[PDB]
Amino acid sequence: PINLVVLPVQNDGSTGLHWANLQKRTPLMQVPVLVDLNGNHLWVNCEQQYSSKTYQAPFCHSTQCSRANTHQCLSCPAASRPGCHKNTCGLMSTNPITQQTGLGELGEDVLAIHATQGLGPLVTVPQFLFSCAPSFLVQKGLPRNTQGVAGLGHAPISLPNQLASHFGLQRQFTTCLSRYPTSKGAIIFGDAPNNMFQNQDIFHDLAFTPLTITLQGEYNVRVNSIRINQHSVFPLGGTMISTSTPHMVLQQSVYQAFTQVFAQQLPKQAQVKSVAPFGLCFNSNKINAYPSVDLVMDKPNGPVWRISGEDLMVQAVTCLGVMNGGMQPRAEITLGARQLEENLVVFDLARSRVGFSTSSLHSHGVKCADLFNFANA
Amino acid sequence: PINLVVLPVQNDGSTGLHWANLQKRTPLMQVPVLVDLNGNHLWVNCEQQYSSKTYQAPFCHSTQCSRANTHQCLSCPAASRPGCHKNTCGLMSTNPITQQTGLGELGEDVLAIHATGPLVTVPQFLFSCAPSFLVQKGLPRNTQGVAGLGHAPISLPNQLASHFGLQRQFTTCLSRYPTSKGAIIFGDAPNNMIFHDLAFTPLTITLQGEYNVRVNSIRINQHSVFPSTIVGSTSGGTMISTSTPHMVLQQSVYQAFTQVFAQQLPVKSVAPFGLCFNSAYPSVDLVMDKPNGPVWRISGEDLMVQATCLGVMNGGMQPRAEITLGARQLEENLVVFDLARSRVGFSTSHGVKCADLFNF
Amino acid sequence: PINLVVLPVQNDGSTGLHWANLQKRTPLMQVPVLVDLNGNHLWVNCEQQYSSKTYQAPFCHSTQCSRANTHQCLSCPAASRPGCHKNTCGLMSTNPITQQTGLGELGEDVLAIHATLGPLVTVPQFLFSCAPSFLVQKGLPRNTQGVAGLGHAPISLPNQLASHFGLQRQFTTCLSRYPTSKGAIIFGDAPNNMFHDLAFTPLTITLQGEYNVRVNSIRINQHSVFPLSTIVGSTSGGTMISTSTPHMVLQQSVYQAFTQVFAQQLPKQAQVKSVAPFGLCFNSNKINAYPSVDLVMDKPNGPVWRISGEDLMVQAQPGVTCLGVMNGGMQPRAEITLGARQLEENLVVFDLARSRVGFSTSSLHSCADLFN
Amino acid sequence: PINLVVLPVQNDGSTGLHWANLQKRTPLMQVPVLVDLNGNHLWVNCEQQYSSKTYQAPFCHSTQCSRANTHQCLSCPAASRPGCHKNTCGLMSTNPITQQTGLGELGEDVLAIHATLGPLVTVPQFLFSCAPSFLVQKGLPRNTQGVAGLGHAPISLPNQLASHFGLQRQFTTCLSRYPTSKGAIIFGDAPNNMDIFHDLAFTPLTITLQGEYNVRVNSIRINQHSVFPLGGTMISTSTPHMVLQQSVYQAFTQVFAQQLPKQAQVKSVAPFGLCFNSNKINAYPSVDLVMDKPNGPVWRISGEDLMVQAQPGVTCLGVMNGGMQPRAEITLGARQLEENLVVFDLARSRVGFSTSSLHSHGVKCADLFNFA
């Protein structure tokens, strides 16, 4: 009776990005991969080392290629091995940090992951679908020695969809990303709010906003306004949620309005020169008392996604962790990994809504890393 | 746990097609629908007095619309009712008998089905409220829509296997006897209940969402009738279908076939058939996949119909496939669609009856 | 330098649909084909009678398949001939009258058409589909063997013709109300190569390939009928212009509003027993003037597409004339559809370059004169 | 009567890539762009200058957005400017050197091009994308502001130019071999309109799902020694060298080396793998590509033309290892298109090349037209 499965995820201190050791292949081995909230699928570099007794490449026009949504047939002029076959299916994979994309082949192999009643036994998808993507794609932008990307996007062979389908889980997943490199957070597949902590009602304040999917397969929500200490800075789906930037990203005109109203809410004298890659920094000794950021979601009548000033700030000298996305970012506002860390964020694919707590996880005395004991497993 | 779910399916003697009573809505009610093996999705006429407590039409750009692969937004300039909303998602539904297609609206409601047993549910089963003109011609009497079993993201088997965590496969046991009911079993039937002699052949899915296999040869009573660099190939070229009762052949294959079939025997053809008799029939052997392949065998009498006539039609110069196997060739034959392994399984101690398998 | 190309179009009185003879093949022959304004392409019956020295079925993955936007390969077991090949590309064709669709194969052959009255000029490699013959069985005017699509799709007639000869990316329909005189489709910039009372409204294309405009309001004798970052839910106009239906079609709620308001513009006593296929019929002779229907385009004060009431009326029986507006039920593809009868005796400029549809705000005086 | 249009394109010595100054906007200005033979469209960074009186961003669901194959609507939260509007269309653009792709906005403006040496003729409503600026940051030749695609895609350079002027649906490349020198792209039927094309041979052209031109190589020999097989082949200007899948690379480079004396080999200069002392070589081996099928026509590469001057006294084999999964097992780069007439016939789905060298007629690509 499997109701949840759970993947440990770690915060990479050097990049601010989140990544995981996936258990794949026969025998099981650890494959380090970026966690890309918006990614279409799981892809890894197979050009390398690849040992498995259970690896298979589906044939062109197969049900597996249809499920993966590719009718592009490929062939390789060379002895067959993972990544190189006669008559297989081709899939474009994306490095979401550089935005590079390249052509690889669809593969199947074992993926293993812990079940959890709400720690539990290790269960497997014996023919988990993924792509052997070309190696140039791992060369830039990813945490050291990452070999791939696990996409959690709403696409037919993404992690959440493949896991939910195989185990009959509710078609949703919950992220609890860690703020701290020293301790692993979790991604929970299945209905966490109903099937999952130690007397604490961590979901008590869950509120919901509608979820859309862009044509590029990204999760979008809609922000009705941004207020900083009750002063509105915006206006004047639409909002992407993403783990391919650590920081909040704002379209340039929104960036200028935001940062200026932010500054204004602090003492003018507290401003110091900026350290890269930030624009707006402060002497932190000079004032502890950061403005609160309310994102009013969907429509004027709430609910409110609250960001405390302190959690927007980076200990760089403290700097505002908000980036100028230029004239044409993909979304006018993007909530990045730091906005996800230490919050329970529910992506409900069945009902098309994102759930979020109006109150802080930590108010329960709980950190995302406290959720599961991965050291026993 | 649940590892098997079953839909009773009924043989309609007047059309030669099959149909199920789907259980939907709150409170549950019965929705007669044609079973279309290659259908993309379940659709229904929602002008047919739609009562439900649990009906929703997903909004444009939602997760459900994305899953159904539509980014087309619609609005109905009318009040709000099932099939008429503002800001919902459009999708094309097909009447696969007439081949008509029409733009309808993505809906969500409860569907109930039997486990193997008791009735279990998909609270959010996705389907389409299709335009009512699509139920006017060709369907079995009183049917209100079509339930698609094609390999497409919101087809019946995909939704059910995903919800219950079944093995990605379904088996077909249609009954030959008009008014009798066989079943479609979802999940790993071969391991979860006769499946000793399962041959197997590769399955491809066409761009239009149809199941294909490849037929290397056809014989009538042993007589031959038939016949990451990018590449660019084709599917099998033989379609399995329940949207025709009859075997359909490309004109030239049809001539060869029927003629050779005539020669295995010693009247005034009766419409729509081109070869009829008074009332031993020769056997048809289909070598599957390639020259070494397992053989799909249809005994002659099972091709034959009573207007007795050869139930093999002329699909003209350009049918979808060179060869199509219709409803009658699936009847009283256990056909396993393994979507996880991309192959179709079939029965090479007589056959019992599809109608014997269950009791509802 | 060729500036226009012109195709005569015949009104079939028996169906109200419009058809043309397309000149193709080598040797050149006539192929009678339905004119489908919203159709993706030209499709034609290749069932075995087809024969031509210049016909080829492009190979899968060819530039011609790429242009037609199909990467679906097929093959045929019989001896090779048009419609039947070893490695070709598949294309879905639609009968717009019955809404049947079916898979056929991309074909290529010579098409000839008159320049500007001028000589016959040719497109040597004109792309079209060999469609399954079941597609011609039903709903097509007599003897029709295919459908010429004028849709905004990459191998439609207007696009191929404009492209081959370097015409302006537009065409003008001037359908005839009278079967005995043929009207014209004019490819290229008709307004600058042949009146001035042209109004324009934005043109959008639906995902199924249809032309849409936006009707801000429908009025009858000025009375309102209709009615009282990734951007997300945008839609195209919501009014379709089609030559696949003869009459105006309205979604059932709009239909009822329209009929109630139309009727209110005339004496209740003039009404008479309904006569199929119609729902609102009148004692002819008890009416001197029928209400005008004004479609205000784009915005509440945009340009107006005006229909005279006489032109929306049909005479069914001896002394009884009926309203030529059909009930499209709950889910027509568009809430309002203007049909062949609304396009007859009017110039309509489909400008694909500027995405606008242009129509006269003073109809000639109520198409066959332009050419001969 | 316009039959050909020609674009001077210049060889960049640093990157080995080719680029062009496109004349756009009102008033006209020079917009430097990389020439990407497989590029889907023309894209530019609009953030920067963009001065024009004739720029326009089509609206969502317009005929222009449909042509470009996008039904994705964009809103920009800012005030109106090029690259930033409400209700426009989104298009993904690709930097073909880094393989980065990003979302930009469909735009329309004037593009001027020389007709035939002849006068500047214009496309008033030329479609392109305002692509996000991160796409220009790496790997393009210095100062280029975007990319001009020549792929077989509906709004590519050759398609828009052929359609606007009624050209034959083909183009010929004559890329110049020497740094800063100028070759030409000629749109229209170059072979029939200006024998240097007397010996044109032809091989089937296919288009991949990512929109790249492909042909098939049936075999490769070096000095008549078999290298391949034991043949999908992309033609590209986004790599300056030949690229081979790893097992083909190993065989090719081995056989190439053993045709030369083994003491000729010096230490490898990055990025190359096989380099030589250029004192110790007097003749390089011929590389022969049999196209399409066992008995097809032969694309001949003189071996000297495969070699790169890495240093003062060192010459390297300009053949790169594409690893396990390059897009095509063989790729013919910029260097293989240099000083060679290559005809991309989109109408007939074939690529044409001369069995006899352009230099054996005494001609160089830079000779064809006098630009300035």
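Per-chain residue numbering starts at 1, and chain names A, B, C and D are given in the order in which the chains are listed.
By definition in this document, a residue touches a chain if its C-beta (ideal position, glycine included) is under 8 Å from a C-beta of that chain, and two chains touch if they have at least 3 such contacts.
Chain identities (UniProt): A, B, C, D = Basic 7S globulin.
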| item | value |
| --- | --- |
| Pair joined by more contacting C-beta pairs (A-D or B-C) | B-C |
| Distance from chain C (Basic 7S globulin) to chain B (Basic 7S globulin) - Cα centre to Cα centre, in angstrom | 35 |
| Inter-chain centre distance, chain A (Basic 7S globulin) versus chain B (Basic 7S globulin) - centres from mean C-alpha coordinates, in Å | 39 |
| Shared-contact residues (touching 2 or more other chains) in chain A (Basic 7S globulin) | 71-72, 75-77, 83, 90, 103-105, 134, 212, 214-215, 220, 237-238, 251, 330, 332 |
| Topology of the chain contact graph, where touching chains are joined (line, ring, star, complete, other) | complete |
| Contacting chain pairs - touch in the sense defined above | A-B, A-C, A-D, B-C, B-D, C-D |
| Chain C (Basic 7S globulin) - residues contacting chain A (Basic 7S globulin), complex | 71-72, 229-230, 232 |
| Chain B (Basic 7S globulin)-touching residues of chain C (Basic 7S globulin), taken from the complex the two chains share | 46-48, 60-61, 71-79, 83-84, 87, 90, 92, 94, 98-105, 130-134, 206-208, 226-227, 232-235, 238, 251-254, 329-333, 335 |
| Chain D (Basic 7S globulin)-touching residues of chain C (Basic 7S globulin), taken from the complex the two chains share | 1-2, 58-59, 61-67, 71, 125, 152, 154, 162-167, 169, 202-207, 212, 229-232, 234-236, 351-355 |
| Residues of chain A (Basic 7S globulin) that touch chain C (Basic 7S globulin) when the two form their complex | 71-72, 212, 214-215, 220, 237-238, 251, 330-332 |
